[PDB]
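Quick notes on the structure that follows.
Quick note on labels: first sequence line is chain A, next is B, and so on, each numbered from 1.
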4 protein chains.
Amino acid sequence: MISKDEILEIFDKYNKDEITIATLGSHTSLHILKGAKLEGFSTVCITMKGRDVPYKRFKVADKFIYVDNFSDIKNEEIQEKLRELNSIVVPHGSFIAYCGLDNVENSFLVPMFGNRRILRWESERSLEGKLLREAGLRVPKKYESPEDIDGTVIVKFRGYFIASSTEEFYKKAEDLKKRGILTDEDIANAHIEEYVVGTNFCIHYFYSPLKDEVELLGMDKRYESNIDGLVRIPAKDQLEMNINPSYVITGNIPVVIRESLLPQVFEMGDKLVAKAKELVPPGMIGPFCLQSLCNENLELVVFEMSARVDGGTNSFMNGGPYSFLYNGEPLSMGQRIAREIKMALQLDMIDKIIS
Amino acid sequence: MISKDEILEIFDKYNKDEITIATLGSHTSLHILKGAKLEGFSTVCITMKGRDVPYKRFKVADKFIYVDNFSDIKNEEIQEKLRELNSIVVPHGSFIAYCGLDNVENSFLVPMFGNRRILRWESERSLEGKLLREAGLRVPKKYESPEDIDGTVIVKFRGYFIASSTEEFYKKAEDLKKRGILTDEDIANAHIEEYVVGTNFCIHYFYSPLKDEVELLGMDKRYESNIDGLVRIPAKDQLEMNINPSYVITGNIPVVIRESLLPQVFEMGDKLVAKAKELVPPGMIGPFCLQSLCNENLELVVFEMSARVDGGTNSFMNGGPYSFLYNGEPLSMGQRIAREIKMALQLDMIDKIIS
Amino acid sequence: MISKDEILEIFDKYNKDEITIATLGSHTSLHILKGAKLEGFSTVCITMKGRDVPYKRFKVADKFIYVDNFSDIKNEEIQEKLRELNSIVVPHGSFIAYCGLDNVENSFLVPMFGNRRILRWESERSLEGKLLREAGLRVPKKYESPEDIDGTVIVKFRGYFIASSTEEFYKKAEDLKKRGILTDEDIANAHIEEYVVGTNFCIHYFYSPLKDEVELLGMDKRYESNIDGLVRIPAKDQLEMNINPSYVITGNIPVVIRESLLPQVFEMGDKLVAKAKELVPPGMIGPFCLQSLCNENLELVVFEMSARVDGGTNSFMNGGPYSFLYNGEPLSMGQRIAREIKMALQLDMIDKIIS
Amino acid sequence: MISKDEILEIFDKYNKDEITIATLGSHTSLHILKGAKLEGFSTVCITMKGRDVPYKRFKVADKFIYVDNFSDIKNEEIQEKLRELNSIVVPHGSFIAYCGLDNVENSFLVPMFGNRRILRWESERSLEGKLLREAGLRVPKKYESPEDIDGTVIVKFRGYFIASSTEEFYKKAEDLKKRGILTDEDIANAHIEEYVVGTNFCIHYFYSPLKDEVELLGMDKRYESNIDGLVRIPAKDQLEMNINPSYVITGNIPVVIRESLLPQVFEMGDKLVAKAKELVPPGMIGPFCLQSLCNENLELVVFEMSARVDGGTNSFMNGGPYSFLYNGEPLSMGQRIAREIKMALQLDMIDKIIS
Ligand SMILES: Nc1ncnc2c1ncn2[C@@H]1O[C@H](COP(=O)(O)OP(=O)(O)OP(=O)(O)O)[C@@H](O)[C@H]1O
Ligand SMILES: Nc1ncnc2c1ncn2[C@@H]1O[C@H](COP(=O)(O)OP(=O)(O)OP(=O)(O)O)[C@@H](O)[C@H]1O
Ligand SMILES: Nc1ncnc2c1ncn2[C@@H]1O[C@H](COP(=O)(O)OP(=O)(O)OP(=O)(O)O)[C@@H](O)[C@H]1O
Ligand SMILES: Nc1ncnc2c1ncn2[C@@H]1O[C@H](COP(=O)(O)OP(=O)(O)OP(=O)(O)O)[C@@H](O)[C@H]1O
Ligand SMILES: NC(=O)c1ncn([C@@H]2O[C@H](COP(=O)(O)O)[C@@H](O)[C@H]2O)c1N
Ligand SMILES: NC(=O)c1ncn([C@@H]2O[C@H](COP(=O)(O)O)[C@@H](O)[C@H]2O)c1N
Ligand SMILES: NC(=O)c1ncn([C@@H]2O[C@H](COP(=O)(O)O)[C@@H](O)[C@H]2O)c1N
Ligand SMILES: NC(=O)c1ncn([C@@H]2O[C@H](COP(=O)(O)O)[C@@H](O)[C@H]2O)c1N
Ligand SMILES: [Cl-]
Ligand SMILES: [Cl-]
Ligand SMILES: [Cl-]
Ligand SMILES: [Cl-]
Ligand SMILES: [Cl-]
Ligand SMILES: [Cl-]
Ligand SMILES: [Cl-]
Ligand SMILES: [Cl-]
């Protein structure tokens with residue numbers, strides 16, 4: 001529901017000489033806040049007892065707004081403090097989750113960096129696939145039912161598993177059922193797709209509405225448990241174990257891509273952006289990520305995406321190989337966001353970046 | 001035996017205007033020496049013919065003290081040169097090994113950064129486990145004998161192996177016995193623990209006695225041979241080979257952790273420090289490392305630790321994502337050590353950091 | 001054929017106040033061009049429609065020379081523009097390929113950084129092995145025929161495979177034959193060598209002819225598809241699949257080596273350089289790479305090498321742990337090349353670095 | 001005559017990926033060119049034999065366009081090279097002089113940073129006084145004739161002199177007449193104004209059309225010959241000499257103003273800008289200077305001004321106290337100009353800054 005006018009008229013009552021940058025203390029906040037400080041902003045960090053130490057010891061937040069539980073950040077009391085501090089909120093994974101995507105779309109009355117409407121297209125598998133398909137991006141083949149399996153597939157609902165036949169699908173579904181890991185409701189709505197065999201590149205882009213340009217900021221590969229621990233056990237020992245893979249994100253490793261593939265990398269970003277303009281105006285604003293796998297034919301297949309900042313940007317908080325190229329600076333995604341905010345304020349174009 | 005008074009009174013006869021930083025040319029010396037230079041110190045590097053090139057070409061040492069063999073660094077001749085150069089020695093893995101931990105505790109009369117007594121708690125498995133257990137840190141389950149195996153275990157004595165049953169334990173012990181890799185004495189004192197299946201995070205902390213604060217400096221994951229080569233062979237081919245895994249440290253890869261896990265990361269550091277104060281006064285001084293595995297339940301299990309600088313700090317000699325956050329600088333662990341030395345000298349608190 | 005005199009006399013007609021650095025827009029050009037800009041050069045990038053975006057958005061090239069297809073860069077029309085721009089060309093993988101190594105040796109009349117003759121010793125397996133063998137570097141054992149297989153081997157011709165017996169060799173050769181991946185001509189000239197089981201370190205060196213010194217600039221490990229995707233599938237699932245490994249380079253991951261191994265690392269560089277002086281005068285000039293595997297005995301075995309810049313230097317475009325050590329700068333290989341060019345021009349020694 | 005459309009349509013045919021910055025090698029070019037390089041531009045310097053050394057040894061120009069004499073820079077041959085190089089010209093004192101202000105207004109068909117029309121308001125004393133008077137800025141009292149002198153005055157036409165009475169005016173005019181320094185035509189059109197007794201502050205501002213903001217970049221005091229040499233002779237010796245003062249600009253000395261006076265400094269800049277918008281649309285663009293004297297009542301009296309970059313910006317080529325404040329950078333006026341050009345190109349607003 002929340003209008004752009006409701007937001008612009010909230011920001012119009014802001015002290016334009018004291019604009020701060022706020023975010024919830026988690027996910028990617030460390031470089032969101034650091035980047036803001038480095039661009040000259042004073043920063044606000046929503047935190048809580050037990051989870052504030054990293055933000056205190058890294059000295060990255062000027063003002064703390066403590067909540068009883070991160071769920072409270074939707075409360076009207078918290079929205080007010082943020083408005084009185086002249087904060088533009090930078091949204092991220094943990095924030096959307098703890099606040100509630102519905103509360104974010106029509107209950108959170110605080111200016112927010114990015115395209116508020118498009119956060120819904122990252123939450124729903126159908127919208128995401130619609131976007132990527134319509135943008136013209138390679139994705140994994142989808143399988144309507146366990147009976148359609150004709151190759152290796154991954155099945156999504158942590159509770160993940162791999163299958164190479166219909167028979168195997170049920171053997172594993174059942175296994176996870178009796179072990180209490182999975183329930184009938186989950187396996188009823190199982191999502192089955194082609195297992196893509198390749199190298200992981202989570203590609204972090206930035207669309208600048210001020211420059212009308214898609215920029216490449218960096219890349220990481222996921223570090224997931226238990227899978228990355230499992231496959232580090234020799235085959236002979238794996239066969240002697242009764243262990244199922246899980247794919248819980250635990251961290252990130254820096255990576256760069258083969259340079260001849262950057263035209264493809266950029267084209268993918270350009271296409272996603274051009275289509276999202278049509279489907280969800282004004283489209284992508286700021287940080288977005290394509291989570292892909294590079295197959296042996298040097299084709300990037302995207303199995304996921306984000307419409308705001310992805311957690312993997314943490315791998316280059318001190319800048320990376322790509323982010324260096326622009327100005328030879330240790331540029332993080334967090335600082336790139338802050339800069340767009342800085343420039344927008346200076347050019348009187350806050351309306352191109354907030355909603 | 002070596003007293004703190006024996007050391008303070010050695011340092012009291014130092015030219016306080018010409019304090020240098022010394023270390024043995026190996027392990028982590030490159031950034032120990034670089035960091036020192038960057039903080040304004042002149043540096044001394046103990047080296048030898050055949051092993052001096054890296055320190056010469058990286059231009060990181062101002063004075064070289066050549067020895068016939070690194071074993072000589074315990075010699076009274078070498079301790080004298082170091083004392084005449086006004087050197088505070090920064091200890092590390094290779095230094096403690098080549099010098100001799102016993103020689104270090106009561107025969108090495110040179111001021112040393114860190115808590116000299118606590119180096120013994122990192123050498124002995126019982127002390128280490130006592131510390132970690134008492135600090136309240138998750139560790140792998142220990143197994144008293146091969147007959148207690150009820151899951152997958154790793155067995156330690158390079159000569160390592162994995163077992164999933166009592167039967168397998170002896171099959172493998174025997175295999176390694178007849179191949180000459182392992183002897184009856186080693187397998188008699190075998191250490192058997194739960195094989196933890198997860199992602200490796202070697203977490204490098206710094207406790208500042210001046211600030212009374214535990215800082216997070218960075219993280220690496222180990223790159224070990226042959227294991228990391230072995231598991232890169234496809235399963236079908238592994239099964240056709242007669243090859244045992246080994247876990248010889250060969251290098252390090254940078255990694256960052258999921259941000260929501262930093263409160264846990266920091267809490268672990270805080271607890272280790274608080275307990276080590278009680279058990280080995282004054283406790284941890286400067287660099288320490290928790291070598292952990294993150295399981296699918298997002299719990300960090302520490303299978304090892306160091307009470308001085310860990311080799312994995314080499315992964316961020318040009319700074320890392322975490323070390324950047326403090327001041328936006330390319331800060332290495334070596335430079336963080338040097339700075340504490342700098343600040344201690346300036347505040348007349350050399351007694352808080354040397355022994 | 002192309003003489004050093006033919007080249008020096010081409011450069012002698014250059015405007016020495018307007019020397020630019022040129023390269024083809026691919027492979028490693030991003031930091032070749034960035035490094036040049038950072039050293040004060042104006043830069044020329046050969047590019048084409050569809051592949052120019054990365055070089056435009058990273059703002060790394062001052063002048064673009066567009067070609068219809070990268071194959072045209074051999075054309076006399078293109079050599080002229082480069083000569084009129086006073087360009088010294090920095091050669092790399094994609095450039096030598098698209099231009100043609102034969103065209104490079106005697107048809108490309110443009111000054112070029114490096115030793116032009118030695119590019120042939122990197123293209124031919126016999127010359128390379130001669131060099132490495134004569135330099136005294138550990139290499140994988142070679143196998144004359146499938147009948148000599150007495151261990152695990154890798155077989156080279158993407159079309160690669162692993163074998164542990166003569167029987168397996170033919171089973172797999174045949175498999176790849178009927179699947180259309182491999183033809184009789186390829187398997188007739190198959191190269192069979194010892195499969196080395198260890199950790200990958202692609203070591204990037206720089207030989208400075210001005211300083212007569214081999215420098216260590218950085219290291220990466222390869223990120224290859226599908227192999228690195230394949231071995232991330234649990235063993236039980238791999239066995240259920242009919243999938244062959246491929247080793248297509250897709251990207252790079254940063255790594256550092258155990259510090260005690262740097263004397264070996266440096267010695268290897270020193271030896272390769274000393275022998276290449278004898279075998280191909282003046283020897284190595286500028287960037288060269290040893291692609292190695294570290295076995296459990298801590299011995300580096302080199303399975304490949306380059307005589308110019310290797311693609312893995314892309315992992316440290318913002319500098320790395322080793323490159324930092326010299327001057328505490330974010331130094332890339334591209335900038336190190338540019339600097340040697342800068343210094344050579346300033347000292348009137350362009351003849352030590354071009355040909 | 002030259003239209004904005006004539007210029008925009010010249011720039012519209014420019015290769016927008018290869019925009020360079022050009023200027024004549026004199027006046028303030030060193031930091032104009034340096035600043036451009038620092039912002040990523042390739043630079044063009046118009047120079048000539050005998051006057052090119054500073055630009056060559058400071059390594060500040062990528063391309064040289066040599067002319068026979070600086071007067072040639074109006075020639076259509078030179079305008080073409082500049083257009084083929086995609087140069088935006090940055091105008092300055094020596095350029096306007098050597099080219100010819102009339103040639104600049106309607107014969108110089110090359111895009112130019114700044115407001116082309118307003119260069120005429122800096123050349124004509126009546127326009128300048130109109131502007132400053134209408135802006136509401138304190139100026140020295142004007143005197144219509146030698147008979148109106150009722151205080152100390154300075155008389156302008158190098159050929160300058162000071163008078164405290166009508167009688168003295170003629171005594172000195174005559175003196176300079178018989179010495180050949182001055183001719184009847186000059187003294188016929190003599191400009192007589194109040195001698196202001198105070199401290200010199202040449203204040204360098206920058207109006208950003210993109211930000212709609214007047215910025216303070218720095219300040220210098222003039223170093224003039226022979227006057228600054230004359231007044232360094234003790235009074236007793238001056239009285240024994242037959243020497244007239246001259247005020248030939250020879251150099252600049254850095255100075256900062258009393259901080260409580262910055263509101264006045266800024267207000268003066270704001271007023272000049274607001275009025276110049278009305279009188280010469282779009283008004284001031286980029287660099288402008290108020291040359292003032294601070295009297296004992298702490299009032300700044302402006303005796304001169306420039307509508308483009310003033311020579312005194314040379315005093316802070318490595319940045320100054322004021323220019324540092326924005327981002328803690330060594331920011332020169334030349335780099336501030338280049339940045340506005342950079343930002344304009346990126347935001348597609350080249351029309352706000354060129355003409
Ligand atoms: N089509 C696929 N083929 C092969 N592996 C896949 C595929 N899809 C997902 N995976 C693996 O499962 C992991 C989790 O994928 P998922 O689709 O859950 O991403 P996500 O929802 O963005 O979760 P996260 O936020 O933790 O990245 C991926 O990182 C990848 O390793
Ligand atoms: N409990 C465990 N579960 C799973 N893997 C383990 C466990 N303990 C050790 N490993 C593996 O064995 C390797 C060597 O562990 P070890 O306990 O020998 O560490 P260390 O003595 O500190 O040796 P290094 O100094 O080389 O790190 C670890 O890096 C890890 O990969
Ligand atoms: N002797 C070997 N033992 C084990 N693995 C090997 C061996 N030789 C090659 N490999 C694996 O195959 C990959 C490709 O090796 P190859 O010899 O084709 O290198 P290359 O020709 O330099 O190709 P690229 O330019 O892509 O690195 C290596 O990166 C390595 O992972
Ligand atoms: N009204 C005044 N009162 C006192 N001194 C003055 C006055 N006007 C000028 N001067 C002195 O004469 C010098 C030259 O002033 P002038 O008006 O010629 O400046 P200009 O034309 O901008 O020359 P330049 O470009 O060399 O600064 C000034 O720097 C100042 O020292
Ligand atoms: N890549 C990362 O480091 C990362 N960190 C977090 N995330 C995603 O963000 C979500 C919220 O993070 P958290 O559960 O740590 O609060 C997680 O469910 C996960 O999908 C990531 N992908
Ligand atoms: N992680 C590392 O790079 C590392 N480098 C050395 N070490 C430890 O330090 C000890 C001494 O090192 P060295 O053997 O290279 O002299 C080794 O036995 C090993 O346990 C490490 N963990
Ligand atoms: N390591 C790399 O990133 C890399 N990038 C390219 N290359 C080599 O350079 C050759 C040419 O590269 P390209 O095919 O991207 O033009 C490739 O065949 C490959 O052997 C590499 N090794
Ligand atoms: N302040 C200076 O350094 C300065 N340098 C030059 N100028 C002005 O620029 C005019 C042109 O300079 P030049 O004569 O050096 O070519 C000079 O007549 C003088 O009025 C200055 N004010
Ligand atoms: Cl992102
Ligand atoms: Cl995320
Ligand atoms: Cl450590
Ligand atoms: Cl260690
Ligand atoms: Cl290289
Ligand atoms: Cl290569
Ligand atoms: Cl100015
Ligand atoms: Cl001037």
(request) Nearest 0.5 Å please: distance from the CD1 atom of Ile21(D) over to the OG atom of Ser42(D). (result) 10.0 Å
(message) Any non-hydrogen side-chain atom of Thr23(D) less than 4.5 Å from a side-chain atom of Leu33(D)?
(response) yes
(message) Can you give me the closest heavy-atom contact between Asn252(C) and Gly312(C), atom names plus distance?
(response) OD1-CA, 3.3 Å
(message) Would the distance check show the side chain of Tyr55(D) and the main-chain N or O of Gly25(D) forming a donor-acceptor pair, the cut-off being under 3.5 Å?
(response) yes
(request) Could you tell me which non-hydrogen atom of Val265(A) sits nearest to which non-hydrogen atom of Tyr205(A), and how far apart they are? (result) O-OH, 2.7 Å
(request) Assess whether atom OH of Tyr66(C) is packed by more than 12 heavy atoms of other residues, nucleotides or ligands within 6.0 Å. (result) yes
(message) Whether the side chain of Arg258(A) engages the backbone of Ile249(C) through a donor-acceptor N/O pair (distance < 3.5 Å, no angle test) should be reported.
(response) yes
(request) Looking only at non-hydrogen atoms, find the nearest pair between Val309(A) and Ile32(A) and report the distance. (result) CG1-CD1, 4.3 Å
(request) Taking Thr20(D) for its side chain and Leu85(D) for its backbone only, find out whether a donor-acceptor pair lies under 3.5 Å. (result) yes
(request) Using the side-chain contact (heavy atoms from CB on, under 4.5 Å) rule, take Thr28(D) and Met333(D) through it: C-alpha gap first, then chi angles, then the decisive distance, then the call. (result) CA-CA 9 Å; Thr28(D) 42; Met333(D) 183 64 80; over 6 Å; no
(request) Quickly, which of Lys34(A), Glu39(A), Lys342(A) forms a side chain to side chain donor-acceptor pair (under 3.5 Å) with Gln335(A)? Name it, please. (result) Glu39(A)
(request) State whether the number of non-hydrogen atoms from other residues, nucleotides or ligands found under 6.0 Å of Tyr326(D) atom OH is greater than 12. (result) yes
(request) Inspect the contact between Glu215(A) and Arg336(A) and indicate whether a charged nitrogen and a carboxylate oxygen are less than 4.0 angstrom apart. (result) yes
(request) Measure centre to centre between the rings of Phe58(C) and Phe266(A), then say whether the value is under 6.0 Å. (result) yes
(message) Given 3.5 Å as the limit, does a donor-acceptor pair link the side chain of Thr43(D) with the main chain of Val60(D), or not?
(response) yes
(request) List the steps, then state whether side-chain contact (heavy atoms from CB on, under 4.5 Å) holds for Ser208(D) with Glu340(D). (result) CA-CA 7 Å; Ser208(D) 169; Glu340(D) 202 76 354; 2.4 Å; yes
(request) Quick one: pull up CG in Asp62(D) and CG in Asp17(C) and give me the separation to the nearest 0.5 Å. (result) 11.5 Å
(message) In the structure I gave you, are the side-chain heavy atoms of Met219(C) and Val256(C) within less than 4.5 Å of one another anywhere?
(response) no
(message) Nearest 0.5 angstrom please: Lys16(D) NZ to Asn86(D) CG, how far?
(response) 8.0 Å
(message) Working to the nearest 0.5 angstrom, can you tell me the gap between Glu267(A) CD and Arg51(C) CZ?
(response) 13.5 Å
(message) Would you say that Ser332(C) contacts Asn318(C) through its side chain, given a criterion of any heavy-atom pair below 4.5 Å between the two side chains?
(response) no
(message) Aromatic contact between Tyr223(C) and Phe201(A), with the criterion being ring centroids under 6.0 Å apart: yes or no?
(response) yes
(request) Output, in order, the C-alpha distance, side-chain angles, deciding distance and verdict of side-chain contact (heavy atoms from CB on, under 4.5 Å) for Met317(D) and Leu30(D). (result) CA-CA 8 Å; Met317(D) 293 195 292; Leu30(D) 283 177; 3.9 Å; yes
(request) May I ask you to check whether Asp212(A) and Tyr207(A) show a side-chain donor-acceptor distance below 3.5 Å? (result) yes
(message) What I'd like to find out is whether the side chain of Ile257(A) reaches to under 4.5 Å of the side chain of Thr250(C), using heavy atoms alone.
(response) no
(message) Does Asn15(D) have more than 12 heavy atoms from other residues, nucleotides or ligands lying within 6.0 Å of its CG?
(response) yes
(request) Answer yes or no: is there a side-chain heavy-atom contact under 4.5 Å between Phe64(D) and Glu18(C)? (result) yes
(request) Using the salt bridge (charged side-chain N to carboxylate O under 4.0 Å, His left out) rule, take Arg57(C) and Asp270(A) through it: C-alpha gap first, then chi angles, then the decisive distance, then the call. (result) CA-CA 12 Å; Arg57(C) 306 213 185 148; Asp270(A) 287 350; 2.8 Å; yes
(message) Could you report the tightest heavy-atom contact between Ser315(C) and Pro254(C), atom names first, then the distance?
(response) CB-N, 4.4 Å
(request) Starting at CD1 of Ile46(C), measure out to CG of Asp52(C) and round the result to the nearest 0.5 Å. (result) 13.5 Å
(request) Can you measure from NZ (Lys211(D)) to CZ (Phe206(D)) and round to the nearest 0.5 angstrom? (result) 8.5 Å
(message) With heavy-atom distances below 4.5 Å as the criterion, would you say the side chains of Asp220(A) and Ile253(A) are in contact?
(response) no
(message) Side chains of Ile337(C) and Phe113(C), heavy atoms from C-beta outward: is any pair under 4.5 Å?
(response) yes
(request) Go through the steps to decide whether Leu217(D) and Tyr322(D) satisfy the test side-chain contact (heavy atoms from CB on, under 4.5 Å), and finish with yes or no. (result) CA-CA 6 Å; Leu217(D) 266 294; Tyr322(D) 298 111; over 6 Å; no
(request) List the atom of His27(C), the atom of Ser94(C), and the distance in Å for their closest heavy-atom pair. (result) CB-OG, 3.5 Å
(request) Could you tell me whether a side-chain N or O of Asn314(C) sits under 3.5 Å from a main-chain N or O of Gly311(C), the two making a donor and an acceptor? (result) yes
(message) For a 4.5 angstrom cut-off between non-hydrogen side-chain atoms, does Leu325(A) reach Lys59(C)?
(response) no
(message) Under the criterion salt bridge (charged side-chain N to carboxylate O under 4.0 Å, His left out), I'd like the reasoning laid out for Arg222(C) against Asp310(C): C-alpha separation, chi angles, the key distance, then a yes or no.
(response) CA-CA 11 Å; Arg222(C) 304 302 211 212; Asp310(C) 177 277; 2.8 Å; yes
(request) Indicate the atoms forming the closest heavy-atom contact of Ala344(A) with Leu210(A), along with that distance. (result) N-CD1, 3.8 Å
(message) I'd like to know if the side chain of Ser29(C) pairs up with that of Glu259(A) as donor and acceptor (distance under 3.5 Å, no hydrogens or angles considered).
(response) yes
(message) Using only atom types and a distance under 3.5 Å, with no angle test, would you say the side chain of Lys37(C) pairs donor to acceptor with the backbone of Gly40(D)?
(response) yes
(message) Can you tell me how the ring of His204(A) sits relative to the ring of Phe316(A), calling it parallel under 30°, perpendicular over 60° and tilted otherwise?
(response) tilted
